Structure formats: C-alpha cells, structure tokens
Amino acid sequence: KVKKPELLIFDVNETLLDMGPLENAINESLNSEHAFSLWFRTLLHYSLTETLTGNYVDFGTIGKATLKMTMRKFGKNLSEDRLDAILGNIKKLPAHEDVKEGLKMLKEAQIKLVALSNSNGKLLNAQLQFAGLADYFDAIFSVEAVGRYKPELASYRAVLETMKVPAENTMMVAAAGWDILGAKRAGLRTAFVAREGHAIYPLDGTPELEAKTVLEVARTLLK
C-alpha cells in the first residue's frame, strides 16, 4: 500500500477543469485548431519571463496580452470587447467527469484538499463555483497572494506554510510536466494526471504516481 499524504494540492486549469469551452472559443475566433495550445504555452512562458525579470503581473492580464499576440500570428484583428468575451470562457469550464467522485473519496479518507492556481483569487473562486467543485476544498489558493507563479518554489511553499504541513507529507496532483517538476523540486510528493495532450517532462520529471484521471489517482492512493 501507498503511504497516505496528509495534504493534497491540486492544479485547477489543466487537472480539474476541462478547458474545452475556452479552447473552442479561441480556436474558432482565430480560425485554427492550433491556436489554443500555442496561446496557452505563450501565456506560461511570459509568466516565467515576468518573474525572472523581476516582476509579478496578474496572470489573466498576461493571458489577454498573449492572446493579442497570438491573434496577430493567426491573421486576426479582434476588438478589446471580443477578446474579453473569448477569454471570459475561462470562468465557465466544467469539471472533468471523474473529478467529483475522486475528491469525495479522498475527503472521506481524511486527506486535506486544497487548490493552487496561477489564476487570480477572484477568478479561481468563480471557476470552482461554476464547476461545482469549490465545496470540496479545505482551502483555495491563488499564487497572486505571494506574487510568484508556479513552478517557482515559493508558490508550493506558501501553501505548505499556510496549511502547516511539511513538504514530504504533501502530494501535488497535476496534469502539467512543469507543475510536477516544480513540486518535486520543492520537496513534495507528486501524482501526474495524464489528461489528453499532456506529457511528463523526461529530464528528471518522473512523478511518484501516474494515472489517467483524478479518480484513478484516488483509487491508487487508497488501494
């Protein structure tokens, strides 16, 4: 059997929520099935560019700026109102179909559950309320509160200090290889959710546990 963690931290955008509605809005508006993936990776890259060059900017503001950059790469010239409408879909993402059963199972095993997202606190709450997930969490964390994005070590550590749990008793559950990598190097245990279109980072990014869904992560931990 697997040692039970005291604390599980979940990524939200890629791990708990289905970004379908936002992916479709972006791909339809820039007229390419490839726009969303490029936009999201550009957003992430500029968040780390901001923090490395000495700056914290609201993640959603970076999202809007990098969507304007991506729209130009795809030949589109969209109004400010149209861009806000497209990005507003990030507030209206359903949960992946397995998540609620998984979170219920984990809560019944008396593991503390928290969310950690780069998205700002107001937005993160609105997302989790819309998806019907907010009530499962003992706490909901945005990196905004510390001004440092994932995968910076201070992002995970702020949760640990707030929850008063040691790193080695905490497991990060994430669908992004870079999220797994950051948590590992901050000393946390890790579970990769192999959502469609996500890979493990092969340069020392191997997680402790791997499963296809959050529910299968719960079943592996609690078996």
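For every residue, the number given is its place in the sequence shown, counted from 1.
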| remark: With B-factors read from the PDB entry, the higher C-alpha mean of 53-61 and 37-45 is in 53-61
| Comparing 154-162 with 177-185, which has the greater mean CA B-factor as deposited? | 154-162
| task | Using the entry's values, work out which of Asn125, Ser117, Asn89, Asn77 has the largest Cα B factor. | result | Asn77
| message | Which third, lowest, middle or highest, does the C-alpha temperature factor of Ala85 belong to within its own chain? | response | middle
| task | Classify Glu210 as lowest, middle or highest third according to the C-alpha B-factor given in the PDB entry, relative to its own chain. | result | highest
| request: Among all modelled residues of this chain, ranked by Cα B factor, put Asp11 in the bottom, middle or top third, i.e. lowest, middle or highest. | output: lowest
| field | Chain-relative CA temperature factor third for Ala199 | value | highest
| Against its chain's modelled residues, does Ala95's Cα B factor rank lowest, middle or highest third? | middle
